[PDB]
Protein chains: 4
Amino acid sequence: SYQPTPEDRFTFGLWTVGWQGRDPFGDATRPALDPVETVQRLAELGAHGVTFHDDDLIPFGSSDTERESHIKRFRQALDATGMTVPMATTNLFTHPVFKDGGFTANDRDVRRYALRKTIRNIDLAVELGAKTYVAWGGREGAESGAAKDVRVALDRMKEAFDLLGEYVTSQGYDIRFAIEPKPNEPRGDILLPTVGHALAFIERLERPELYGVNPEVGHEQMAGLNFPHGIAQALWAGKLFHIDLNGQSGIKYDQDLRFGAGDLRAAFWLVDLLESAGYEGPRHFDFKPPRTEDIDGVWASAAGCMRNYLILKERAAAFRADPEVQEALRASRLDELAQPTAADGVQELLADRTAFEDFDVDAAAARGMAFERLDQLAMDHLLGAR
Amino acid sequence: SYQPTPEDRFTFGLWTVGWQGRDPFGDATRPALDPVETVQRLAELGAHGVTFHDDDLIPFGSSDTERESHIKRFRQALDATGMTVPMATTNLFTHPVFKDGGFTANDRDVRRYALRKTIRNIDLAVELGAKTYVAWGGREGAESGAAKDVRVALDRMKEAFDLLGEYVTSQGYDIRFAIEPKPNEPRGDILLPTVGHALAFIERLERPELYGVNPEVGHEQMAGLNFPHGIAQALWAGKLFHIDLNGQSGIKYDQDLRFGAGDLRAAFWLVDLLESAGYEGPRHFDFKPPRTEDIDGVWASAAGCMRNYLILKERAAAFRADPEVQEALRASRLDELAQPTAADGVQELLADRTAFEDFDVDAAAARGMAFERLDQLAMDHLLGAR
Amino acid sequence: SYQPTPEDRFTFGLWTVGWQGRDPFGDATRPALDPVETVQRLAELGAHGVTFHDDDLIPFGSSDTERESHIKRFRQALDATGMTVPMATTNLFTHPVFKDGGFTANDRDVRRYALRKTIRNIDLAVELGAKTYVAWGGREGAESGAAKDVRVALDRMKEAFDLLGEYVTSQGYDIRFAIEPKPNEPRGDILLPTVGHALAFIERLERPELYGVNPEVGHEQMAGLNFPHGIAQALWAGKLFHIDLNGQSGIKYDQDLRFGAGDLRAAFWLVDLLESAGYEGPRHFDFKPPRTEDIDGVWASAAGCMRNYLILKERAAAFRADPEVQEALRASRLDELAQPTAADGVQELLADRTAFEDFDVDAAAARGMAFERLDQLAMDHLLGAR
Amino acid sequence: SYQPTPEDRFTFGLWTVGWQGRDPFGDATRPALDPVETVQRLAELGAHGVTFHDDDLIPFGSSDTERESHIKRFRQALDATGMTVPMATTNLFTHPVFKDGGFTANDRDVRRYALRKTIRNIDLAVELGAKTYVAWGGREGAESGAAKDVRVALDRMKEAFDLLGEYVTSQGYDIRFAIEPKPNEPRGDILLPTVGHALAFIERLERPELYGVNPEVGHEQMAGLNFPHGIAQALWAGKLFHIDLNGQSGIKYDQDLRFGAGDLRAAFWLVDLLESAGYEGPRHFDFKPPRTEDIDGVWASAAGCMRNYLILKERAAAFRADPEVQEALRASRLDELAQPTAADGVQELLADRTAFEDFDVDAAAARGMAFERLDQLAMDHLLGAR
Ligand SMILES: OC[C@@H](O)[C@H](O)[C@@H](O)CO
Ligand SMILES: OC[C@@H](O)[C@H](O)[C@@H](O)CO
Ligand SMILES: OC[C@@H](O)[C@H](O)[C@@H](O)CO
Ligand SMILES: OC[C@@H](O)[C@H](O)[C@@H](O)CO
Ligand SMILES: [Mn+2]
Ligand SMILES: [Mn+2]
Ligand SMILES: [Mn+2]
Ligand SMILES: [Mn+2]
Ligand SMILES: [Mn+2]
Ligand SMILES: [Mn+2]
Ligand SMILES: [Mn+2]
Ligand SMILES: [Mn+2]
Ligand code: NA
Ligand code: NA
Ligand code: NA
Ligand code: NA
Ligand code: NA
Ligand code: NA
Ligand code: NA
Ligand code: NA
Ligand SMILES: [O-]
Ligand SMILES: [O-]
Ligand SMILES: [O-]
Ligand SMILES: [O-]
């Protein structure tokens, strides 16, 4: 039961299962993993594909020869297993040069370097098949107020994404960008801190059609936000180009628990939403097996990501299929929410005494929403207590 | 010192100083205030104007005669004092009819009523001089996941704001809308929870030019966000149509402390930003004198809002004017942040070996940002310890 | 399935199901409930008993005649249904007199009044059978720093609880006190903000044996804390005299969702802990049916509290009973956690080279904890996916 | 102005200014510092002393010869400068062996090793003059619910601290322990998450007099708590043995900003409290110069810690000394808070009709607390706007 297969589109970053366990207070607890080993183990577990930062696949500073060798062995593992690479990204955060940012570093020379580093890896991503190129500007931001003029930083951010769009347009590449918001960590505050801020920013780019969001469960939860609601807004905008799935236990450091852990009910509502919306993209896990775990625990945690998605998918489908739930949704007027408020237009509305002058507010107010019965059906379905 | 005058554009809602002190666990501690008294007392304190919800100025359910009488006495007080009304709004949250929303209530008849209630008060706002009409959808949202289909709710929200835009266009009115985000409270999660989400939503409206944001200090802080940064993004987008100033002591219920209270350093950076950007709009306080206070404390707290803005304005101007700060900003490369990254374009950048092949990442990395010295100059200026 | 009966010890406050729906931004959505109706409806749903504040049972300011009448009808309903009253409490928060506190109000006369109000209701609680008397000092605290000298306030708090202990000792009463922490709301910060602070405070009382804690799920979660962990510390201390069960969706205003809602996994671990510890006390729900609901939704939400406890109880028992889980617990060394570290004493430990000089830290470090496999068994059990 | 001298008791951990800048997403931005260099630079800046973890002073795994050499050079630097060592601690968090804890690791052999590692460094701390030995159990806790039985973990924690107390008693050493709470990070939840939990735990130790707390500004703020209030409770309990001073920008990862940064008003109220209470202990900064900074920024940030304490000390003293503030405190009944509520005892209170029967609750309720005027005097003093 709940056995993943490539059909399910589950993907993982090299840096997820490959996390060695270093944290702000801790040295590594596991050895580095060869990307080839990761491709093989994930294929065996039923994954569809793998994603990478440039510097996860090719060690930073590699010579051209060394680079080509790391790429070759990775391609052979992908080719052997049938694993895909639907997304890739750039590491614009680890190297000390990026301490004040990549695209919004105060030093101009750093901004230019960030763009070149990105462009090099776009070319590689395209060859390997990626259709989405993620950008997580984890160093874009500040710890103090005068360090970063945010209006000017947004000018630089826009400039950078507009040039990237000019580059992929001039190359004829198919690939789209997905901007990943995060509220904080490793900067005190990160620019584009939520899905909304990223969506808004995209609308000022030259070619907005080339850009969407890559929201992450835990990131929105680091602002105490409702991740399903934010995904709904991204879907409403036509901008859910990719997603990062994991768990997070509230407002704290980015934990990257396996998917299903953390806010379990939010995981359920997320799966419900992705499945009813027909999201087509990868089901990508950006998670970290806790550093308590050895390599066997790494693979158990990765398998758990997929298993939990599949359990939740089953529960959400059962919920929506249940005639008792379909009736409860009507009792709660979810059908009526879909009716246009005033298709009849402004003049009709203004002349309609049933909308104001003769509207019985007390009788409307007295009508319960029946949301608790509805939500207890959802609870019962999630828990298998039906 | 720090004496406000109408020149300073300070405004207050009737519901701010007029808050009787009811809270989730508490009955009123102060009597209702006559709006006439409020206009007179605020004028005496140096305010520029006053704002209102419909139902603050005219009791809900008033007959047409009663309505006209409340409006008349208010207009006479405004006229006597020279107090202005730069903004008004609708109460779509208190009456039980709005328990599931106004514009996104599941019941269609409620949605229509919300629109009529709004339109009636738009007409009054325009007569009284308001150039901004705020919409805070405090009941739009949910406590449970199936209660609200957020994509469909956003359809209804858009429909509602688009009709309002059609109405003010057809009337020839000058007035613009300002959508006020809030993450939660009184709903478990509110739709459009942050500045970013509101900015993004506006870009899908039919006439986006008619809509901006009304961010509130405490609201963004209820998501742990950096309010100055969010204001910078709103300014960058050209959408800071109005602002609500107050204080908030972290991630908790909406406190509505007087401005300057709560996160004092964020208040400083906010004033610094508004003043350097040349924000033109009202300096509106959406605050509540704590229910510990009697009426004398109400006016003291309102005076404190204005005093703190003026102190911070002085400190921020001194900071920016200090040659030592101008030098520290250069040391931190804030000047260089304003240089275009690659005005020279994509082909130049790609051919520039100083951007990649020959870029000395270690020498760049070793260059400190000098942000701590800069921030300690800012601290010294805020504290008057210069 | 999952049908509660009085054997299950579920209790509810009059003020829970009886909440009329007033919130900081909203008028009542439901009529007041007669306490007699509440006793009858809860009995029908399978509850064991009911709790009250003084002013929920007898309207504030009632004459002695009126008081006696409200008590009489309540006692007859209890007697008719076999409903019990295991706990009662005082309302030291609603009336404006308590705006700065009850026991720690700055005004001495208010402190004395708070004590008299409490003592009167202790006598009534004892007659009705309560064995625990809760004290939630919701007004004890501050919005500003100089308003409350916390050391002195703690002196007053101790004085007050010590006198209450002298009173119940002199009366020979059996009843114990349970102090309820909360971090904030309705004060900006509340004194004794968490389980730990309350536990610590109790240890400075004259008769600490008379006092324990009444932790509430949502309250600890308003500080982002792990409620099961805090309950474990209270149990470890022998101080879990009562508990308030509900749900909370993160760090925000006190939501009082039905139990099971909010952090579902924390609800599971809480039930697991209460059941393995053999907690004997009432399973008390301090929750609010959302104001979206009519009276039928009130009773559905109350029934859902009990149903969710019973589902979780079944899942937790299945988890602990599963041989595969018992093996995983051994694999994770939960058995070894129960072995004394050094029963052998200090000199042995210091002479034991296997503890230091000859301890192979790398071989120990390499041993994974197997916590992910364990936690996925727990997930599978919770979801019924076993 | 605001020049620190050793008289001011400012101290710093080796690991503070010596932080190389590694974060969860970042490699080091600065070279390791020689502890000798740190002692000399801090002495030049006006510090009083320095603190250390074992493994900051002596690299982990050093031979006995190497150990003795690192100690010798450190002692000579201390002796040359007159720098003191008032506190030391053990690193029970970095090495992978501690991935599930030190004293509460599930593996018994790890628990024993943790104790031996601690005892070795207690002996060194005592020789160097430390009067407080801090214990921050950063690895004690869990990411998942069944991984850690918290009641049993608390048994192990108590066992460990009781043995340490037996050891220092048997050695005749003068030194006391200070337990440092933290809510999370690097564990998902840490045991003893707040000041209150630590205070409560101490009261179950065999020799409670040997143990106090070492609260850290940012740690309590990671739970959204009021740090001054928690310090007041620790002082009330007689348990403020040491303190860690820094800044934190709300509920997020542990930032370790310089003192004064983050919540500036809380820093003011903290200094006000420490100075009025006559806290005698070190003014210890547990902070990290941001990794944006080079070594010159490191020393600027350290100097800023001390400068901000001294500015705030001046402002708080001016506030308390101001006759206008002394009058406002009376207007707010802070004097009356210090009067015993009922020194007259229970029978008097019960017979006193002015406390209940004849208490005019409405006249008391109507009396404003005047807290806003008081708090605006505090604001004016902090800002130097008096
Ligand atoms: O918080 C870290 C981020 O989630 C990244 O892993 C991005 O997804 C890719 O750089
Ligand atoms: O949280 C309440 C909101 O701040 C409102 O006061 C809006 O500004 C106006 O309806
Ligand atoms: O936040 C409100 C509290 O939870 C109360 O309901 C107490 O439990 C009883 O006064
Ligand atoms: O969060 C890290 C802690 O603050 C430590 O630095 C302790 O103070 C000493 O181990
Ligand atoms: Mn993450
Ligand atoms: Mn991610
Ligand atoms: Mn507000
Ligand atoms: Mn507002
Ligand atoms: Mn509650
Ligand atoms: Mn409660
Ligand atoms: Mn810290
Ligand atoms: Mn510390
Ligand atoms: Na490789
Ligand atoms: Na573009
Ligand atoms: Na009026
Ligand atoms: Na429009
Ligand atoms: Na009654
Ligand atoms: Na006592
Ligand atoms: Na050394
Ligand atoms: Na002991
Ligand atoms: O992540
Ligand atoms: O507000
Ligand atoms: O509650
Ligand atoms: O720290």
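The residues of chain B that appear here are 2-387 by Swiss-Prot count, in order.
This deposition comes from X-ray crystallography, 0.9 Å.
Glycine is no exception: its Cβ is also placed from the backbone N, Cα and C atoms.
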Revision key, fill the gap. Cross-ref Swiss-Prot: Mg(2+) 1 site B:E181, B:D245, B:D287; candidate in list B:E207, B:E210, B:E217, B:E315 matching that site is B:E217
Practice item. Round to the nearest Å and give the CA-to-CA distance linking B:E181 (Mg(2+) 1 binding site) with B:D57 (active site). Key: 18
Revision key, fill the gap. Near Mg(2+) 1: residues not in B:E181, B:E217, B:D245, B:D287 with Cβ within 8 Å of the site Cβ centroid are B:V135, B:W137, B:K183, B:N215, B:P216, B:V218, B:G219, B:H220, B:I244, B:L246, B:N247, B:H285
Point to revise | recorded positions in contact range of chain A, given that the Cβ distance is under 8 Å, out of B:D57, B:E217, B:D245 | key: none
Review point. Looking at the recorded positions B:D57, B:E217, B:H220, B:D245, B:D255, B:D287, which have a C-beta within less than 6 Å of some atom in ligand 9?
Key: none
Review point. When the Cα of B:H54 (active site) is compared with the Cα of each of the binding-site residues B:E217, B:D245, B:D287, which one is closest?
Key: B:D287
Exercise for review: Would you count the other C-beta atoms found within 10 angstroms of the C-beta of B:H54 (active site) for me?
Suggested key: 21
Practice item. Write out, in the order they occur in the sequence, the residues of the chain not among B:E217, B:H220, B:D255, B:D257 that have a C-beta within 8 Å of the mean position of the C-beta atoms of the recorded Mg(2+) 2 site. Key: B:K183, B:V218, B:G219, B:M223, B:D245, B:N247, B:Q249, B:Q256, B:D287
Check your understanding: Between B:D57 (active site) and B:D257 (Mg(2+) 2 binding site), what C-alpha distance do you get in Å?
Key -> 18
Revision key, fill the gap. Counting every protein chain shown, other Cβ atoms within 10 Å of the Cβ of B:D245 (Mg(2+) 1 binding site) number 25
Review point. Roughly how many angstrom lie between the C-alpha atoms of B:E217 (Mg(2+) 1 binding site) and B:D257 (Mg(2+) 2 binding site)?
Key: 10
Revision key, fill the gap. The answer for which recorded positions (B:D57, B:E181, B:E217, B:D245, B:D255, B:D257) have a CB under 6 A from ligand 7 is B:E217, B:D255, B:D257
Check your understanding: Hey, how far is B:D245 (Mg(2+) 1 binding site) from B:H220 (Mg(2+) 2 binding site), Cα to Cα, in Å?
Key -> 9
**Study point:** recorded positions close to ligand 8 - of B:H54, B:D57, B:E217, B:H220, B:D257, only those whose C-beta is under 6 Å away
**Key:** B:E217
